[PDB]
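Q: need a 3D model of the following:
(chains A, B, C, D, E, F, G, H and I)
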Amino acid sequence: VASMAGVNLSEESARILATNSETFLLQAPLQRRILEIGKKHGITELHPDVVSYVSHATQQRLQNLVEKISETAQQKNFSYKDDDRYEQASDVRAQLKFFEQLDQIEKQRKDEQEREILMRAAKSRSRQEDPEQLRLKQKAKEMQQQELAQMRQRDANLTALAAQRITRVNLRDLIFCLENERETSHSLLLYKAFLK
Amino acid sequence: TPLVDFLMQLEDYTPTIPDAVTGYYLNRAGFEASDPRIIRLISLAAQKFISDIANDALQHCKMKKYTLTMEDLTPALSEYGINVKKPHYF
Amino acid sequence: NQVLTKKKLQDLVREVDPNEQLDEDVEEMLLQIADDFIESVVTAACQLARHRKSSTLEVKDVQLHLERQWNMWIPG
Amino acid sequence: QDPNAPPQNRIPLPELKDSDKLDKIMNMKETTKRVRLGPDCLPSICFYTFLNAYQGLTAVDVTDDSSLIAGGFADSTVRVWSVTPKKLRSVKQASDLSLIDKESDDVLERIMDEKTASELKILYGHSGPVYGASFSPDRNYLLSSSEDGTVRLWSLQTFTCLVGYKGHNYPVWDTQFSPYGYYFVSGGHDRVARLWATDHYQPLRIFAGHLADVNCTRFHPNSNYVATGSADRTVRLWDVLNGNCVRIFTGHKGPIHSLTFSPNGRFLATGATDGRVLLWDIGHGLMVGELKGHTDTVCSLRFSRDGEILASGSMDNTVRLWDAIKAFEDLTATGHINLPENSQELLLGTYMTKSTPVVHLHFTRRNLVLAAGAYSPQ
Amino acid sequence: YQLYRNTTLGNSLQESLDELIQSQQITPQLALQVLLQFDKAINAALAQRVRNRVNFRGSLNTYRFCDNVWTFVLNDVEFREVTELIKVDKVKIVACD
Amino acid sequence: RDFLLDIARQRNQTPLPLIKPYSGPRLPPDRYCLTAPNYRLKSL
Amino acid sequence: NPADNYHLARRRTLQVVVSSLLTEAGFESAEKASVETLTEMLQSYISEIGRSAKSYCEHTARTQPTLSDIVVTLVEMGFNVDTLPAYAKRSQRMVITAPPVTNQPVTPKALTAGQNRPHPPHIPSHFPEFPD
Amino acid sequence: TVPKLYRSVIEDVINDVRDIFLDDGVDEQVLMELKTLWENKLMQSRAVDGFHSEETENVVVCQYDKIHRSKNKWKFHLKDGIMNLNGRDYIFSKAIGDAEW
Amino acid sequence: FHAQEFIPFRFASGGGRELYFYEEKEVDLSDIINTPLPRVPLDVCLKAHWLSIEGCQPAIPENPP
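A: Residues are numbered from 1 along each chain as shown, chains lettered A, B, ... in the order given. Now the structure:
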C-alpha cells in the first residue's frame, strides 16, 4: 500500500486469476493469550481494538498462505495428456512398467533354476534317498499347473452363465510454500515438517 | 491460449539477450535447455523487467533525458519496493 | 486455549476454492503457523510498547511490526 | 567365522541379485591380477586431472571398478565420464522397449540406446555447488548433494534425476552410498547426519550429536556403522541400529575433511586441516598412529585393496603413501597407548602434483592408484 | 476366486469400469488391478460377514465337472429358509473349490 | 542441540524396515520422485 | 585470465544487454554504478526464474519445465505475463550476439608415440601408455 | 442383509483402491466417478433397494465342500454363496442339497 | 539493492557489483556496446597421466620438475 507499483500487489492479483483458471480468531481465548506474553514485558493491559486487530492480522497471514498453497495444489492437477498441443518427451514411468514385467520374468526364471537344482540333487534312473525332491515336488508342479486351469475356467464358466476435479492439499504443498518465502525458510517449523 | 501462441511464435525470434548467456544462468540454477523457445521467453521477461525500470527512471530524469544516475534509479525502484544503495565506500 | 477453532480455517479455504480439502497434517501445521505468528507479533509489538514507555499495547504497536517485518499493511 | 562380525539379519541389507552376483565373478578376475603392494612394490599412480575446470570442481567419485568418474562442480552440474573405451549410453525409451521382448539372453544389450552415446554426460538440477558425489556399487544410481539442501539420486541407465531428498535446509557437505547399495548417509550444515534408504522421502536414522557441521559421512565395510567426521574436531561412529554414538575419536586440530576405513574393518584413518592422518582402532576405540607428513588440508584418504598401503592426498599437491601394515603391528583401562612418533618410517613415498590439489584417491582392484583433481594454475 | 464377477455386483462393477474406460479417465492394465483387488476383497468378505444357511431338496437334470468346477442344472426345486419358501422352476448352480 | 537430539530419538526409535527381494528399482512413491512423462510443446 | 573470462564473458554480455535496453529507453551515457546495479538485478532475475521454475516443475514430479511452470513462476514474481507479446514485437529492439567461444578452437594438436615400455598386467590397456 | 454387505464391501474396495489408483496416477474425482456410476448401476439393475436409489436365469454361484453320489441320489455340501432367485438376491454360507437324478 | 517484499529475487545472487576505487564513475552508453566480448574458455575435460611409475616420478610436462 506504501508502494503504488508494488510487486506483491501484482502477485496475488495474478495468483487469484490463476486459481480462478484452475480466520477470525476467537476473542475470549486470544485476549488471555496476549496478556500472558505481556507479563514478560510489563504490558499489563491491552487496548480493546488490538485483540480484533491481531485476529485480522492472523487472517491475512493464513489467507496469504492458503491462497499460496492452493495455486501449487492445482499445479499438479493439470493433465497435459488430454491436450494435444503438448507432446511427450521423456517417460521414466513406462520404462518402470517394462522393469516390472522384466522382474516377473526374472522371478519365473529363478523358480525354473530352483526346480532344475532340485532335480539334479538326486539324478538317477530311480528316485534317490532324501534328495529325490524331483519325485514329490515335480508332481506338485503338475498340481500347480492344474490349479492355473482353474484361474482360466472360472473366467469361462461365468461367461457361459452370462451368455469437477477435487483438489487435495498435501504437506508437500505447504512445505513448498515455506522454503520460498523469507520468513519460515530457515525455521524450526519447516525443519520439523520435513519429518512429519 | 495467447501465451502458448506466443511461445510457439518464439521459434525464429532472436531476443536481445543471447541464449548462450540466458541458458548459462539457467543452467547455474538447475534449469536445463530442453526447449530454446522457453529460454527465449525467460530472456524476454528479464528484458521487460529491466526495460520497465529504465523507462520509469527516464520519466524521473525528464521531470528533474540523457544520463542515468543513481538518484534516478532511487525513486524508480521505490515504487517497486526496492531500496537501492549508493556505493559510498569507494 | 486454542484460538483457531479448525472450522473457521475450513471457511478460509472455502472462500478461496469451493472445491478443496486440506489434509489433517496440513491443517495442524497451519494452526501451528498461526500460533507462532500470534506469539512473534505480540512479543515484538510489546517490545515497541515498552520502547514507547507504555503498559497499554495499542494497535500502533501491532501495526508497526506488521509493516516493518511482515509487510502486511492491514487497514487499522 | 569372525566373532567381531555382525549377523546378516542385524541390519536388513538387500538381496544379492544375479546381475550383482555376475559383478563379483568379474571382480575376482581383477583380484587375480592384483599386486601385493607392501613397502617394496610401490604402486603406480594414474592422475586423472581435470584440465580446464573453470567452474570449480568440488566433488569426485570413481566406481568400484575403474569405469566411471563423476565430477561435482561449482556451476551446479554433475558430469559423468567414462574412462574405459566404452561410451556412456542411456537405455531406450519406453516405446522402443515395448516392441522388444524380455527373457532374451542379450536383454541389457538389446535395451541400450546407441543414438545416445557420449564420453561425457552432464546432469542438471542442483541449484548450487555439488559437494558430495557417490556411486552405487552396481554402477547405477549416482548420488549428489549440494548447497541447496537436497540430496539427488541420478540414474545411470536413463541419465536423469530420480529423487530429491529434502531433509536439510542447509548445505549437505557429503553423501555416500552403503557398500551394499541400499542405504545412504548424508551429512550437512545443520550438524546432523541422516540415514536414508532410497525408498522413503524421510530419513530412517538421524545422527545428531555433533556440535558443528558434519563434514564427512562414511559407512563401515559391513554397513552397520557410520563414521561422521565433523568441524568440531571429533570423529564419531554411529550404530545404524538405535542411532547411538558408539565411538568418539578426538585429537584433530582442524575440521575433519577425509575419512576412510581399513578393508579389515578394524581401523579408521581420518584427515583434517592440520595435515595429520590419525589412525584409530575401532574395537578398542584408541588411536593407534599419527601420520604427520602433509602440510595443508588432507582431503582424500584410501587404503589399498589388500590393506597394505594407505594413500593420502592433500592441498599441498602431494600423494603420500603410508605403510598400513607396519602402522598396525600391535593389537587397556588407561584408554590410550604410547603413540610411536614413527611417521618417517611409515612414509613409502611422496609424489607432487603440478599445481593440482588431490581431491580424490581411488584404488583399482588390481592395486593401481587413481587420483582426480582440477588443475588450478594459481 | 475370479468366480464372483458374473454376479450383480460384478456386473455393476464391470459395466461401470467400461463406462469409465469410454471416457478415457482410467486405462487398461489398471482395471486388471481393480478387479484383482475387488476379488480379493469379496473373497475376504463373503466368508466373514453373513453366517446364514439355506437348505433345498432337488430333482437334478444335468450335471458337469471340469477343472475342479461343478455345474448343475436342477429342475422344479423348492428352497427353504425358516418360514421362507422359494419355489422356482430351473436353476443353474456353479461351484468351485 | 536440544532440538536435534529430540527429533533424533523420536526417529531412531523406529526399527529398520525389511526389504522386498525383487521389487525392482527401489524408489519412493511416484509423487515423491521426479519420474513423470515430462511433456513439451509441439513445434508448429 | 580464463577463470575470470568464464564469469566475465557471461557478465559482460549481461552489461551490453543492459546498455542496449537503456539506449532504447532514451538514456545516452549512464552513471557507472547505475549500470552494474541494473545488470546485477538482471543476473539475479534470470537466476530466480531458474530456481523457481525448476522448483515448480519438480514439485509436480517432472524434471524439465514446460510453459505452464513459467507462467506460474512469473505470476509469483508479479510480472503480468500478458504484456510480453507486445514487448517482443518492438521496432526499437537490438540483438546482442553471444560471447565468442574458445571451444570452436577446442583442439590444436593430438598425436601418439612409440618405444613406451609395456603395461604390467595390473594396468589395463585403457590407461595411458608408459612414457619414453 | 444384502445391502449391508454391499455397502461394506464397496467402501472396502474403494478405500483399498484409493492407493492403487493414486499409485497409478489419476485424480480422486476419477475414483468418485467410479463409485458414483457404480451405485448408479446398482440403481439401474433394480433388484435390491438401498441408498443411491433413494437419493437371465436363476443362477446360484457358490463354493463346495464335497459332492457325494449314491446310486440314485446326490448330496451337495455348498458354502458361501450368492443366490439370485425370482429376480431378487439372497446370501447363504452353508447348504445341504439332496438331489434325485 | 534490498527488496522489502523479496518476491522478485528470493535469495538469488546477482554476482555483486563490478565497481572500483579508481573508477571513472561515468561512462558513455555506447562504449559498453562497441567493446568486444571476452572469449568463453574451454569446457572441462578429463586427461590422464602418470604421477608414479613403480615408485619413480616421470619427467613428463604434467609433472612439476
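
Q: output the contacting helices and strands for the lengthiest helix in chain C.
A: Of all segments of type helix in chain C, defined using DSSP state H, the longest is helix C:24-51. With contacts taken as 3 or more Cβ pairs under 8 Å, 6 or more residues apart in numbering or on different chains; DSSP states H and E, helix C:24-51 sits against helix A:27-38, helix A:51-73, helix A:171-176, helix A:188-193, helix C:8-16, helix C:59-65. C-betas here are computed from N, CA, C, even on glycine.

Q: ok, now how distant is the residue nearest the centre of chain F from chain E?
A: Centroid-nearest residue in chain F, with Cα atoms, centre = their mean: residue F:28, separated by 3.8 Å. According to Cβ to the nearest Cβ, to the nearest Å, residue F:28 and chain E sit 20 Å apart.

Q: look up the closest residue to that residue, ignoring the ones flanking it.
A: Among residues not flanking residue F:28 along the chain, residue D:201 sits closest, at 5.1 Å (Cβ to Cβ, 6 or more residues apart in numbering or on different chains).

Q: so where does that neighbour fall, helix or strand?
A: Residue D:201 is part of no helix or strand, with elements assigned from DSSP states H and E.

Q: for whichever residue of chain F sits closest to chain D, what are phi and psi?
A: For chain F and chain D, the shortest gap (Cβ to the nearest Cβ) falls at residue F:12, measuring 3.0 Å. Main-chain dihedrals, residue F:12, degrees, to the nearest 10: phi -80, psi 0.

Q: likewise for residue D:60?
A: For residue D:60, the backbone dihedrals (degrees, to the nearest 10) come out as phi -130, psi 140.

Q: neighbours of it, how many?
A: Residue D:60: 23 surrounding residues under other Cβ atoms under 10 Å in any protein chain shown.

Q: strands of chain E, start to end?
A: E:55-66, E:69-75, E:78-80, E:90-96 (DSSP state E).

Q: can I get those strands in TSV with distance to chain A?
A: Output for these, formatted as TSV (distance: least, Cβ to the nearest Cβ, whole Å):
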stretch	distance to chain A
strand E:55-66	7
strand E:69-75	5
strand E:78-80	19
strand E:90-96	6
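
Q: make a markdown table from those and add mean neighbour count to it.
A: Below are the strands of chain E laid out as a markdown table (neighbours: other Cβ atoms under 10 Å in any protein chain shown):
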| stretch | mean neighbour count |
| --- | --- |
| strand E:55-66 | 15 |
| strand E:69-75 | 19 |
| strand E:78-80 | 16 |
| strand E:90-96 | 21 |
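
Q: ok, which of those comes nearest residue D:211?
A: strand E:90-96 (67.5 Å; Cβ to Cβ).

Q: kindly report the residues of chain I close to chain C.
A: Contacts of chain I with chain C, taken as Cβ under 8 Å from any Cβ of the partner chain, map to I:4-5.

Q: near chain B, which residues of chain I?
A: So chain I meets chain B at I:1-5, I:8, I:17, I:19-21, I:23, I:26, I:40 (Cβ under 8 Å from any Cβ).

Q: next: chain D.
A: So chain D meets chain B at D:75-77, D:124-127 (Cβ under 8 Å from any Cβ).

Q: can you pick out the most distant pair from those?
A: Longest span within the residues of chain D next to chain B, Cβ to Cβ: D:75 and D:125, 12.4 Å.

Q: between these two, which contacts overlap?
A: When contacts are counted by Cβ atoms under 8 Å, 6 or more residues apart in numbering or on different chains, residue D:75 and residue D:125 have no shared neighbour.

Q: max-length helix in chain G?
A: Per DSSP H, chain G has its longest helix at helix G:32-59.

Q: returning to that earlier point: in strands, which of the residues of chain I next to chain B appear?
A: In strands, defined here by DSSP E, the members of those are I:2-3.

Q: just the buried ones from the residues of chain I next to chain B?
A: The neighbour count (16 or more other Cβ atoms under 10 Å in any protein chain shown) marks I:1, I:3-5, I:8, I:40 as buried among the residues of chain I next to chain B.

Q: quick check, nearest of the residues you listed to residue A:177?
A: For these, the nearest to residue A:177 is residue I:5 (15.6 Å; Cβ to Cβ).

Q: residue contacts, that closest one?
A: A:6-8, B:81, C:71.

Q: widest-spaced pair of those residues?
A: A:7 and C:71 (10.8 Å).
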